[PDB]
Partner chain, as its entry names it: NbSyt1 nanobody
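A single chain comes next, written as structure tokens; it is the form solved without the partner chain.
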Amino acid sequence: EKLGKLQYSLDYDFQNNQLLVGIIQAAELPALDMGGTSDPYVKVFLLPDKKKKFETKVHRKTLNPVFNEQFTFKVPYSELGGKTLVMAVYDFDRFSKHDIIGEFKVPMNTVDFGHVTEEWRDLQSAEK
């Protein structure tokens, strides 16, 4: 199974003291519907609390979508280090329980916050 990835561009602005989470694009995702398609959308939040749980616009009928949506969490830097950033790209099924594509987590203590960390990180298979 070709499980795919999500590219992000994540920064912290120290004049306002806020987190910044630039969700760019996903590539090569599995089809979870009876026509070889997916309806992808990213659920974007922070551990362990879940302060501002976000949802991107749904890009219906594609396995390679482009979101371009920066999600801002207004949190101080001493509280940010312990918190771990989650992105879970989901298939929208309109009526039934929404079938997960996959997910990964990124600790803020591993991110060096000089400018912007911009990288492709891979989506691992979730059973949710």
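Residue numbers count along the first chain shown, from 1.
As for the form deposited with the partner chain bound, it is not shown, yet the points below apply to it.
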* Asked: Which one, 88-96, 27-35, 40-48, 66-74, holds residues whose non-hydrogen atoms are within 4.5 Å of the partner chain in the entry with it bound?
  -> 66-74
* **in the entry with it bound, residue 57 touching the partner chain (heavy atom, 4.5 Å)** => yes
* **4.5 Å heavy atom contact, residue 20 and the partner chain in the entry with it bound** => yes
* Asked: Does the partner chain come within 4.5 Å of any heavy atom of residue 110 in the entry with it bound?
  -> no
* To do: Consider residue 12 of the chain shown here, and say whether it contacts the partner chain in the entry with it bound, taking contact as heavy atoms within 4.5 Å.
  => yes
